[PDB]
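One structure is given below, encoded as C-alpha cells.
Reminder, nothing fancy here: chain letters follow the sequence lines and each chain counts from 1. In each ligand, atom 1 is the first atom listed, and ligand 1 is the first ligand listed.
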Protein chains: 2
Amino acid sequence: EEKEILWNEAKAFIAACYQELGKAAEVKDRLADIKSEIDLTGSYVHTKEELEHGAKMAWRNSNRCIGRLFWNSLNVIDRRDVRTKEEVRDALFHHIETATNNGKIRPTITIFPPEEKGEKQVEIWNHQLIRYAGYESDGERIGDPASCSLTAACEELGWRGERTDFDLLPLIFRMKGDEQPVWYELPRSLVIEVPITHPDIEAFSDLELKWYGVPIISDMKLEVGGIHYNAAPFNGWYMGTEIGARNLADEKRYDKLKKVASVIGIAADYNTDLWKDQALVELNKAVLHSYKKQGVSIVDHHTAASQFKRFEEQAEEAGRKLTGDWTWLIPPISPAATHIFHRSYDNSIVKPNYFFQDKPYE
Amino acid sequence: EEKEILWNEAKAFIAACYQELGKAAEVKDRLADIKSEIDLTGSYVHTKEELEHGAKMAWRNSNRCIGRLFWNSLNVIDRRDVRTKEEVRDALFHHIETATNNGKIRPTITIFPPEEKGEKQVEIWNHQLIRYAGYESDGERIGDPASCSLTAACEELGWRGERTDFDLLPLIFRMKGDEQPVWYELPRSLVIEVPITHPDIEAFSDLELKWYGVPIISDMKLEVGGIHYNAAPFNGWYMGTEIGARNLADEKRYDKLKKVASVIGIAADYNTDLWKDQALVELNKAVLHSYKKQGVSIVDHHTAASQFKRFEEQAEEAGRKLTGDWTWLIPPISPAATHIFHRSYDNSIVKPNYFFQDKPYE
Ligand code: HEM
Ligand code: HEM
Ligand SMILES: C[C@H](O)[C@H](O)[C@H]1CNc2nc(N)[nH]c(=O)c2N1
Ligand SMILES: C[C@H](O)[C@H](O)[C@H]1CNc2nc(N)[nH]c(=O)c2N1
Ligand SMILES: NC(=[NH2+])NCCC[C@H](N)C(=O)O
Ligand SMILES: NC(=[NH2+])NCCC[C@H](N)C(=O)O
C-alpha cells in the first residue's frame, strides 16, 4: 500500500524531470527499472541527475520564496553515502564552508540519506545550521527567543551557552539507532558574522548589533518523486528585510526599534511621528550597508522583487504555471513599492518541494 | 422566484438584528408583516431602526476595513424619500457638509432608495463624492489616473476640467428614467483640502502637494436583509497610509517618490540606499502632520491597528465570529510592526455588507 503512493509520485516526477532535461525517450526504460526496484526493495534510488534537478524543481516550487529566479544554479551536494555522525558533522561543516565561499555566497544544498520506512537515517535538530541561542529565566531575556526551546534542549545534553546575545548554537542531530542526538560546537573560523554599522550615523555601533552571514535552513523535508529527504539543509543569501525588519525588529525577537530610534536621534513617544517606520528604514539601510562593506552577499527587497518579476516572466515564456504565497512574497517594509503587492498568486502546492516537519524538541 | 431569496435573507437579518437590539420577542410579528408585504408588493420596507443597525452591521462585516472598532457610532442618514435630482444633489451636498463637520469628521452614511426590480432609482457614478480628475492625452499625464475614465465620461456630458493636478470632479449621477446622468459642480466652500507640508523639512512645500479631507465611497452597494441599496455613500476618516503610501506614492497614481527624495535631500540612484522606503516614511509623516495641523481628523496605521485589535477583542467577548482580509488589513508601510501581520483572518462574507458594482462608465 506504500508502494502505490511511491510509484505514482515517481511516475509524475521522472516524466516531468526527464522531459525538462530532454531525456523524454529514456522515461519508459527508467520507469521500468524503478518499478522493479520498488517491487524488490520497497523503494528506489535517484540518479545524481534526478536528485540534482529534483532539488532545483523543489526550489522553483517554493511558493514563499522571492529568490526563485536562480533555481537552476543551485549547487547540489550528494551526501547519501554518509553512515556515521562524524561524516554527518564534516558534511555539515563543509556545507557551511563551501556555501559561504569567503562571503560570495553560493546557493547550496547538501542531501543526506532519505527516510526508509518513514524511518529517519539522520535527524537534524537545528532550524538553521548557524543560529543564535535564546534564554529566558525569571525576568531575563537573552539572545534569540525563537531559539529558546532548542537552546533548552541542547542544555539537556551537556552543552552550556555563554549567555551573550549571540551564542552560536552547536550543530545537533540524531543518528538512526541512537536515543539521543549528539552536538558539535561550530568552528568559529567557518562562521562569518557581520557587525551592523550605519553608513552615516556612527552612533549606530553603540547598539553592538551583528548577524551571521548565511541562512541555512536545516529542518525542512525535501520531497522528490515520492522520496523523503528529511535531512537536506539548503541556503541562499539573505534579503536585508529578513534581518532588519524581522530578526532584529520583531518584539518577540531582538526587539531593537526603540534603541535604534535613540541612536538615530529621534523620539519614540508618538505613533503619529512614525518613529517605528523611520527606525525600520535606518536599521534596514544599516544591514545592507554592513553586509556590502564586509563583502558578504545580500540583496535588498526592491532588487529581489525585480528578480522575482523576471522569474514570473521566465515561467510564462517556458509554459510553466506560476505558484506563490502573496502573504510571504511581499517584503515586510514598503511592500506596495514592489509589483508583488499589486498582483495575485496561486498558492497551490507543486512537487518536488520543501515541507515542514514536526520538531523532535518541544 | 425572487420573493424566495428576499424572504430568506430577510428572516436571517431581522432575527439577528432584533436579537442584537434586544427585540427578540418582536421578531415573529415583524416577520409576518414582512411576509405579507413581500407577497403583496414583491418587496419590503425597513424600519428606521433596522436600516440604521443594518448599515452598522454591514460596516462591522467589512473584511477589508481596519477601522471597524467604531461600527456602532455610524451616523445613518435616511434619504429613502428623495424623488428628484435636486433632492439627490442636496442630499449629497449635506452629507459632505455634515460628515466633514469643520474637520472633526463624523463617520456618516446617506441611504438613498433601494433597487426595485433590480432597477436602480438613483445611480451614482462617482467613486468618491470628492475626488480629483485625471487626464491622459498624447504623452500628457495630469491629475489622478485612477479617475481617467470617469473624467472622460464627464467631459462627454458638457463638463470641462481646468486640467490642474487637482480638479475636483463634479457630482454625477443618473435618475431612474433618464438616459444620461446629470452633473453638478461641487461648492468649494463644502470641500476641505489639506496642503501637504513636512514638520521640519520646509522644502517639502515645493512639491505643492495636497489632498481632500474626507474619503466618501459612493459606488458600493449596501445589502441589508435582501434589500439592495446600490446608492448609499459612506465615509470614515483617512488612515495616513492611504494617502502617503498609495494615492501619492503609487506609480499608477501621483508617483511622487522621486520628487520627495529630492526635496528631503537624498539620492534616488541605488535600490540598496532604500530611498523609496525613506521617502515613503517622510511623505507619510508629512501627511499626518498636515491633517493634524489643519484640524482635520486622521489616524496613523499603528493607532489604527491598535484600535482594530480592540475590535478583535470586543468581537470575542460578544461571542461574534471575526472575519477579515489579511491582504487589505495590513498597512502598506511597516506592516510587520502591527499585530495584524502576525495572525490569520477568515475572509468569509457575512451579510449585511458593502459590495462592488459594475461601473456605468467604461
Ligand atoms: C538565493 C538567495 C535567496 C533569497 C534572497 C531567498 C529569499 C527568501 C526569503 C526572503 C524567504 C522568506 C523567509 C522568511 O520570511 O523567513 C524565503 C523563503 C524560502 N526560501 Fe528562499 N531565498 C533564496 C534561496 C533559496 C534556496 C536556495 C532555497 C532552497 C533550495 C529556498 C527555498 C525557500 C523556502 C523553502 C522558503 C520558505 C521557508 C519557510 O517556509 O519558512 N530559497 N526565501
Ligand atoms: C472611521 C474611520 C475609518 C477608517 C480609518 C477606515 C480604514 C479603512 C481603510 C484604510 C481601508 C482600506 C481602503 C483602501 O485601501 O483603499 C478601508 C476599507 C473599507 N472600509 Fe473602512 N475605514 C473607516 C470607516 C469606514 C466606514 C464608515 C465604512 C462604511 C460604513 C467603512 C467600510 C469600508 C469598506 C467597505 C472598505 C473596503 C473598500 C473597498 O473594498 O474598496 N469604513 N477602511
Ligand atoms: C493583488 C492585491 O490583492 C491587491 O493589490 C491589494 C493588496 N492589498 C491591498 N490593501 C489595501 N488596503 N488596499 C489595496 O488597494 C490593496 N491592493
Ligand atoms: C499570519 C501570517 O500569515 C504570518 O505572520 C506570516 C505573514 N507573512 C510572512 N512573510 C514572511 N516572509 N515571513 C514570515 O514569517 C511571515 N509571517
Ligand atoms: N534568504 C533565505 N534563504 N532566507 C531563508 C530564511 C531565513 C530567515 N528568515 C532568517 O532571517 O534567518
Ligand atoms: N478611511 C477610509 N474610509 N478609506 C476608504 C477608501 C479611501 C481610498 N483608499 C482613498 O485613498 O481615497
Where ligand 4 meets B/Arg343 - atom numbers and elements under 4.0 angstrom, heavy-atom basis = 1 (C)

Residue A/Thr327 vicinity, atoms of ligand 4 by number, heavy atom under 4.0 Å | 7 (C), 8 (N), 9 (C), 10 (N)

Considering non-hydrogen atoms of the protein only, which is the closest contact for [atom], and what is the distance?
atom: atom 16 (C) of ligand 4; answer: A/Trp328 CE2, 3.6 Å
atom: atom 5 (O) of ligand 4; answer: B/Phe341 O, 2.8 Å
atom: atom 21 (Fe) of ligand 1; answer: A/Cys65 SG, 2.7 Å
atom: atom 14 (C) of ligand 4; answer: A/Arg246 NH1, 3.3 Å

Under a 4.0 Å threshold between the charged nitrogen and the carboxylate oxygen, would [Y] count as salt-bridged to [X]?
X: A/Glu97; Y: A/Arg106; result: no
X: A/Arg188; Y: A/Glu193; result: yes
X: B/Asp346; Y: B/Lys321; result: no
X: A/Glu155; Y: A/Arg163; result: yes

A/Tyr212 contact mode with ligand 5 (heavy-atom cut-off under 4.0 Å) = side chain

For [X], does the [atom1] atom have more than 12 heavy-atom neighbours from other residues, nucleotides or ligands under 6.0 Å away?
X: A/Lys359; atom1: NZ; answer: yes
X: A/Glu185; atom1: CD; answer: yes
X: B/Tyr270; atom1: OH; answer: no
X: A/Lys210; atom1: NZ; answer: yes
X: A/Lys259; atom1: NZ; answer: no

Can you list the ligand 5 atoms lying under 4.0 Å from a non-hydrogen atom of A/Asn247?
-> 10 (C), 11 (O), 12 (O)

The atoms of ligand 5 lying under 4.0 Å from a heavy atom of A/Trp237, numbered in the order shown, are 1 (N), 2 (C)

Does the residue [X] have a heavy-atom contact with ligand 5, meaning some pair of atoms that are separated by less than 4.0 Å?
X: A/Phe234; value: no
X: A/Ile243; value: no
X: A/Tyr132; value: no

Heavy atom of A/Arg64 under 4.0 Å from ligand 4?
-> no

Working for side chain to side chain contact (heavy atoms under 4.5 Å, CB included), residues A/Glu49 and A/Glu52 = CA-CA 5 Å; A/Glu49 192 178 36; A/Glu52 166 169 357; 5.9 Å; no

Does A/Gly143 offer a backbone N or O that forms a donor-acceptor pair with the side chain of A/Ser147 under 3.5 Å?
->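 Checking the backbone N and O of A/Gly143 against the side chain of A/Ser147, no donor-acceptor pair under 3.5 Å is found.
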
Within ligand 1, which atoms have a heavy atom of [X] less than 4.0 Å away?
X: A/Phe356; result: 39 (C), 40 (O), 41 (O)
X: A/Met239; result: 10 (C)
X: A/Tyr354; result: 29 (C), 30 (C)

Using a heavy-atom cut-off of under 4.0 Å, does the side chain or the backbone of A/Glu242 touch ligand 4, or both, or neither?
->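 None of A/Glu242 does.
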
Can you tell me if [X] has a non-hydrogen atom under 4.0 Å from ligand 1?
X: A/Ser62; result: yes
X: A/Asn235; result: yes
X: A/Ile109; result: no

Are any of the N or O atoms of [X] closer than 3.5 Å to those of ligand 5?
X: A/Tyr238; value: yes
X: A/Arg131; value: no
X: A/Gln128; value: yes

Which of the listed options, A/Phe70, A/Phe234, A/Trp71, A/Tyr238, holds the heavy atom that is closest to atom 28 (C) of ligand 1?
->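 Minimum heavy-atom distance to atom 28 (C) of ligand 1 goes to A/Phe234.
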
Is A/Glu242 touching ligand 1 with its side chain, its backbone, both, or neither, if touching means heavy atoms under 4.0 Å apart?
-> side chain

Within a distance of under 4.0 Å, is there any protein heavy atom near atom 36 (C) of ligand 1?
->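 There is no protein heavy atom less than 4.0 Å from atom 36 (C) of ligand 1.
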
Dump the intermediate steps for salt bridge (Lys or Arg N to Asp or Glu O under 4.0 Å) on A/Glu312 and A/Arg68, then the final yes or no.
-> CA-CA 9 Å; A/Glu312 299 184 22; A/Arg68 286 182 278 161; over 6 Å; no

